[PDB]
Amino acid sequence: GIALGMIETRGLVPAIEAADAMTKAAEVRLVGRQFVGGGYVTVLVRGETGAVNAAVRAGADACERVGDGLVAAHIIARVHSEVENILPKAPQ
Amino acid sequence: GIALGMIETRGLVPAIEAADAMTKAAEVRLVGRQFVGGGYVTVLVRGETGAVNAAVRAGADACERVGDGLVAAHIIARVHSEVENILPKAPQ
Amino acid sequence: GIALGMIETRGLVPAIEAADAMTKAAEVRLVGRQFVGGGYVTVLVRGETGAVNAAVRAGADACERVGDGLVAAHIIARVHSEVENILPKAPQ
Amino acid sequence: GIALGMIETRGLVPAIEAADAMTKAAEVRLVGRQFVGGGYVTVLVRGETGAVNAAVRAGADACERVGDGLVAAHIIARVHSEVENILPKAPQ
Amino acid sequence: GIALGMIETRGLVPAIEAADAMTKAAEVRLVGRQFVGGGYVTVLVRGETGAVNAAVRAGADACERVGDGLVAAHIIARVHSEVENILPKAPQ
Amino acid sequence: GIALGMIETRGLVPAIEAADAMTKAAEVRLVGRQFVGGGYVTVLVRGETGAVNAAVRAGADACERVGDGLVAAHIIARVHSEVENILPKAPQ
Amino acid sequence: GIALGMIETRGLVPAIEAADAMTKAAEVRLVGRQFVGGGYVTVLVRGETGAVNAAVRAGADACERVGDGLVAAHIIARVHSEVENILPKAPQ
Amino acid sequence: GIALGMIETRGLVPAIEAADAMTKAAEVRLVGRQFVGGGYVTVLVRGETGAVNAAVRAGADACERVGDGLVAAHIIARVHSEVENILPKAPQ
Amino acid sequence: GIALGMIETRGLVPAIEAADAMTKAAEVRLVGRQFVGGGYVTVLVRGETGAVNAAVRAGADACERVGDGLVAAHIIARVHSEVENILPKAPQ
Amino acid sequence: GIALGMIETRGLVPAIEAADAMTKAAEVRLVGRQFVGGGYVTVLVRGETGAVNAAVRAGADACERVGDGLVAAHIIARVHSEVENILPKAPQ
Amino acid sequence: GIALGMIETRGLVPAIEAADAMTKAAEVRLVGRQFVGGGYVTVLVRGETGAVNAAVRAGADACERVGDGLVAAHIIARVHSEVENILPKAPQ
Amino acid sequence: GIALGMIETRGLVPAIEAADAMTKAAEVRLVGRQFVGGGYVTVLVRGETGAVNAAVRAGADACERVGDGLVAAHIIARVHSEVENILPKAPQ
Amino acid sequence: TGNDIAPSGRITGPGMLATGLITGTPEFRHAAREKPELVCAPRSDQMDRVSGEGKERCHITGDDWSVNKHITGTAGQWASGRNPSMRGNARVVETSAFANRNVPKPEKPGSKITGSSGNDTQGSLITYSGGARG
Amino acid sequence: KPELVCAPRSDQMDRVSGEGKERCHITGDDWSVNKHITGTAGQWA
């Protein structure tokens, strides 16, 4: 799907916990893990709206207490074609 | 094994101390060391779920009073396939 | 994939109200009613994550005040392969 | 008749009185009595919405004071096709 | 006679006491013994309306102080033809 | 024998103790062991009136202090010929 | 041996722990487990009187603080022949 | 593996949620879901001692907040051979 | 019958009086008289538990004031099989 | 069984009561009932140490107040081979 | 039997006295005597759990006042297979 | 396995009890019994880290109050390659 | 007397475990040895002994099957006392759905999720994998 | 008995965050080590 679920965390450890919970708790595809600088790490997953909604809920809960904690947990049901350029196509 | 043990610290001295305590403490292998940015440094190990638990606890205890200290200690007994794309395969 | 949504209630009357509301709200397949014992009744539905999300939410609202009450409402977007063996395949 | 009227009571004796009041009150056919467990007993009558509405109103009143009492008295004017699998078809 | 007399009790011992007392008290034939679940046991007799009243009152007093005690006592002078289906015809 | 001796307990361990004590104390044939549901377990013995009086007295006293304990102990010297249809003839 | 050791617990988790402790502690054989009903589980072991004493004490100790807890722990050094009809013959 | 992990819950919804969490958390095999009766529902997993320790921990945490809650979380690192006669091998 | 009623007296005169009264009082057959030694004579009867109860009571009453007096009156509703080896089958 | 358990009573009636209690309490085989003379009756049972301990304790309590009463209750775990020449082999 | 009875003492004179009392007391089979060093001497016996309990009590209270004294008296009802390698099967 | 667990006790009896508890609790291999000298007896087990953690904890509890006492319980999740020479491989 | 094998504290081992929680032991077997305003009375205030078609709430005058005190007969003493009985003391612990309507429960899950969620805090507690509020 | 099997969420925070958690009290032969067992962690690391 095109729905984008994004979780931002302070440090890599909560991000990997969030990504693990998100991909284990729904049928989402992990597309990117982008370091933002300032300690912020962001894990981006794509999938159907229902799947992304369940993943971000599972991700936010899993990594809220991990390490420094959570920054953001956001869901975009449909992503404009323009934003697709700034999003990572495949994880690295 | 498959379990993942992640220790996050501020600076590199605490992380190297933690990687040294983790590997010496239990039967684990140091998959990587990622510079998150803003200070945070994450050291990741892999091993049996029980070995990883012992290593991370020893790693956390070792580096909590070295430099700016420990930020996050973590264990993931089974890591989903997608997350493995964003994990260091082997140390550089 | 196929998600799982289940409503546990105290008594059959709340469960049928949940089963009616869940199936009317979205295109979810009612796969089983379980008499857990001691007065618990569970109704399980299968469908798309979005369909199951809307169904369970409608079911929880409908059966909240009906009879003795509602015990639990759960949605599992991705169900592990192992857990499939304990779930009813179709209602009887 | 599509409409379903169900009464839940604590013990069989209140259920039997509820069934009689419901069947005598209006033109409804008793589709089955279920033993949920833990003392719960449910009697389901089916008929036209008018007949079911009048019967359940009489049934809840009749069995309100019999034995441990009444737990639930519900009216569903239209039951989904999926839910009809979990409902009794004829009493046994 | 077609009048129905029911006595409900907590445990089997009070139920059997009540049944013996009811059968011995008046002209009523014992038709059923049901384990409602959760500790409730119901004993049903059929006979003349006047006879059933005498039997149930004797059984209510006989089993009032036996075991956990009497839950409900009920007499239905005329049972609707629909309800006859959910009543036992003879004891197994 | 014709006399019936019933002991009800709030478990199965007190039931087995009661059965052992009754069978050892007097000449009584254990005829049934019923799980009434809700925890209650009833043990019924049959024998001559004198034997049953001693057996039930022995059984009642033996199981009082074991487990949750004794709910009821009852002796029916002769049961109405109708009641014998609902009594076990031999434990399964 | 013929001595019977019984442990009654609330839930299966305490019972399986008791069975493991009982069999491990002494030289006794597990003859079966029974779901009494209403959250009661009874685990039975048969063996020599000396072993059954040691076994039951180990089982009572092990499962006292597990789950809901221990209800009863009984030792019948010799069970009358009649009680063997109600006791389980081999575990299922 | 041989180690056994067990979780007891009030109702089936927490039981299924626990089962999903255990199997997703670590490499364990769900070998049974048992209806103890009275509400309790037990889910049993089998695997390595390290894996089961992680699996049960994830199961307890996930199941705690779902439905009536969690009753027990138990590990048995070695299961005596006699006790395997009362343990499901493949789930029902 | 299996119930055993035995009276022990000091001297033979009370034993014969007790034996006469026992057989006169109830339907119990005299099974033997034992010269225990030291001036103790024990008379035993076998019959139904009620009959033996009446016989022993009548026997003890008759011989209480006869001769030296009465030592013991005892009733055993059912006597173990092994004990049958030492009891007299028929009087000498 | 090799352990020896002896009960000595003043009069035969307590001895038979002691034998009955001992043989019902545990798996002890009655080997002999000796008339010592002077009004002493000794009952000897041979069984395993646990069974002998349980049986003798039951025997002493049962015959403690029956008739003249008790003289001695003695348990010997193993009797020297030479002593077995002065012990009854089968009852008489 | 398989149970193990151990008595540890400070010296060899108490050990032999304990070994003598143990073997005479009950049906036990002296298996090993160990010089633990530093004055500790261990004597191990095997047999039925009931027999071992009798022997260890006899040995413990027989060797308590002779020599330096009794250090440890202990019973193991069932011994694991791994431990059998560290126990001395042959008499010395 | 690789994890090492040691329990050192004063005397042999505490050590045998500790070994039994350790080899019963978890899947560990009793690699050696070492009479250190002066009364110190060491039992070493090897296995997985989780198994050894449970084994050593169980052993420490078992032999704490047995005999002279426990000296030290020590776990090493992974011993150096050099240390493998001083450690025993299988017991004498 | 003789070779006592009773549990003791001096001799360590399995025999000393679970003291006081065990029953059937030789030690415990021994211890045991020792003008109304309305025709029908108020529905709420009165509860009927036999509820259906046998209710005494309504004062039915004239000939009726009610038997007064002076008339002895089938019910009461003549049915209660036919069979001897003994009422025991048991721990009546209800483990059921209704009994667990009030149980100590963990803190409610909270959702910090933003965006196209469609969440409603008002609705009954929906849960998602992990116990996260849905 | 404990009112809740797992200690309250915000009452504590685990040293090792996931699958090394200690909040949920798990009876049996788990991998917890009390003071009596020295070893891998502590001053030795």
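Order of writing sets the labels: A, B, C, D, E, F, G, H, I, J, K, L, M and N. Residues in every chain begin at 1.
By our rule, a contact is a pair of C-beta atoms (placed from the backbone, for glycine too) under 8 Å apart; a residue touches a chain by one contact, two chains touch by 3 or more.
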Of all other chains, the one whose Cα centre sits farthest from chain D: K
Give the pair among H-L, B-H or C-H whose set of contact pairs overlaps with that of K-L by over half, matching residues by number. C-H
Please compute the C-alpha centroid of chain C, do the same for chain D, then give the distance between them in whole Å. 21
Averaging only over C-alpha atoms, locate the centres of chain B and chain L and give their separation in whole Å. 29
Scan chain K for residues touching two or more other chains and write them down. 25-26, 48-51, 53-54, 58, 72-74, 76-77
Can you tell me which residues of chain M touch two or more of the remaining chains? 3-5, 12-15, 23-24, 51-52, 83, 85, 87, 92, 95-98, 104-107, 109, 127-131, 134
Which part of chain M faces chain J closely enough to touch in the complex? 1-6, 26, 29-30, 33
The chain M residues in contact with chain F across the complex are 23-24, 28, 32, 83-93, 95-96
Per the touch rule above, chain I residues touching chain F in the complex are 1-3, 48-53, 77-78
Touching chain M in the complex, chain E uses residues 3, 17, 20-21, 24-26, 38, 49-50, 53-54, 56-62, 64-68, 72-77
Going by the contact rule at the top, pick out the chain J residues touching chain G in the complex. 24-27, 48-51, 53-55
